[PDB]
Structure formats: C-alpha cells, structure tokens
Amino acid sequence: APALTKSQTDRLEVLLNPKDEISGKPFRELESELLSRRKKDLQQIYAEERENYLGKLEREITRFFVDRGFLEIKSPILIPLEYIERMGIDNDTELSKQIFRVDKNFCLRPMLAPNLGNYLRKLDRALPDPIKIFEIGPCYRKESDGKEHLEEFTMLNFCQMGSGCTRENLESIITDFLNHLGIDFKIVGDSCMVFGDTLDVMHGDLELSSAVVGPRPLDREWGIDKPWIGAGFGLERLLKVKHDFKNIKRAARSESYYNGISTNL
C-alpha cells in the first residue's frame, strides 16, 4: 500500500475522466484499468458517432444562429495589423503584447470583431434592417495561464445592427443560447479598455463571454453609425463547462486529447 507519487498521480489524472468511478491498489493496476476504459471510450466513438466535440459544437451553434436569422460568415484568419490599431489597441495595452505577428503587415486574428465590423458596413448596403451575422473560427493570443486559456482557440461572435439592439434582446439571445446548450451562467457588469462597459457572462469564476451594447465611439472608424449589440464566446470554454473538464487542454484542437480522452495510451 505505498502512497502514489505525485508523478504517478499526474499520469492517472491524464487518464481520468470526470464521470469515472474513482484507494489501496498499486499504480500499475490503476493505470491498466484506466487505459482499458479509455480505449473502450475511443472504440465506442469510432463505432458509433465519429464526431469531434469541437466540430460538433460548432455545427450545433451554427444551426442555432442560422435558425434565429443570423447570416453565417467565414472571414480571413490572417488579418492586417492595421485592423488591430483601428480597434484602438495601443501598443501599451495588454492585448498588444498578445498578438501573434506573421509578416510586417499581418497577424493571426486575436478576435473576430474587426472582420464582422467590415461585414456589417458592407452588408448594410444590401440587406434589410436589422442586420444579423455571426462567425465561428480560430483566434490566437499569447497567454501565460494554461488552466482556462489556450494560445489557439475557437471563438463564436454574433452581432446585430439597426433596430432591436437593446440590452434586453442581447441578454435574451444569450439566455436562449446557453439554455439550449445546457450551460449554467450568470450575467455580470465588467469593463475593458477597448469597449467600455461590457456584460460578462460568467460560470462561477470562469468568463464564458464578453458582450457589448453599442454604439461606441470607435464605430465611426469602421464606417458604422447605427445601434448594435454583440457578444463573443470561447467554444473551448463552453466545452470545458459542458463536459466538466478540469483543464481546457481537454477541449482544444490537440494531438494529446480527442473528445477529452488522452490519446497517449
């Protein structure tokens, strides 16, 4: 009955899944049981559904927003560095240090707002009020934390421009959206140096989203001058909460986890 070492405990925690029936037994026997369960999990997925959780959640979210009147956007991932400055991200500011630069000209987008802003302006010349669009896709930020942050993550951003752009409607859409996914939340006032007063959608201490009721003074910089509402959510945070993963690495695009199951068996 010698106690487990910390490294042994870390190995088992890699193989552990939240719903597992979790002492006395030696490491090798516990590792062997969990290896066996996890192989069985992968087999069941391969035999039956075959869908990746992140891809699937993206499809479910897409269905939700298309059915509620929002146009699906697929915009570039590499964007001009200008777009960041025009977002008023001064080089002093924390999010400046977080940008992945690629060329002299471009970066990997740290957020979806810049492209959606351009779509709102452009679509305003063609579509009837209100204009409703959303995008889901990769975003990139350099981060220090690893429990709730990834450097490569997936963001949903939805927005509406014209009539109906109230706090009430925004909260109502957020509420329907998270009640549809079956994720608990509360809405709290917060701020940030780019957008002023946000609503943050929180699960305990974890920020699922930052949302905003416009207008804001930077709007003019995108040729926007109508009311608008918008919110951005992290898909990997949503998965982490929905599947009760202890670490966000389980929800990521990854070579070490598949639907939260270690691939190192």
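Numbering starts at 1 and follows the sequence shown.
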| query | finding |
| --- | --- |
| 214-222 set against 53-61, stretch whose average Cα temperature factor tops the other in the entry | 214-222 |
| Higher-scoring stretch by recorded Cα B factor average, 253-261 or 13-21 | 13-21 |
| Deposited CA B-factor, highest of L71, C139, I84, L120 | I84 |
| Selection from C159, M193, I174, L156 [criterion: highest C-alpha temperature factor in the record] | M193 |
| Lowest, middle or highest third - CA B-factor, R237 | lowest |
| Ranked C-alpha temperature factor of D197 among modelled chain residues, by third | highest |
| Entry-reported Cα temperature factor of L208, expressed as the chain third it lands in | middle |
| Third of the chain's Cα B-factor distribution that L127 belongs to, per the entry | middle |
| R167 CA temperature factor, ranked by third within the chain | middle |
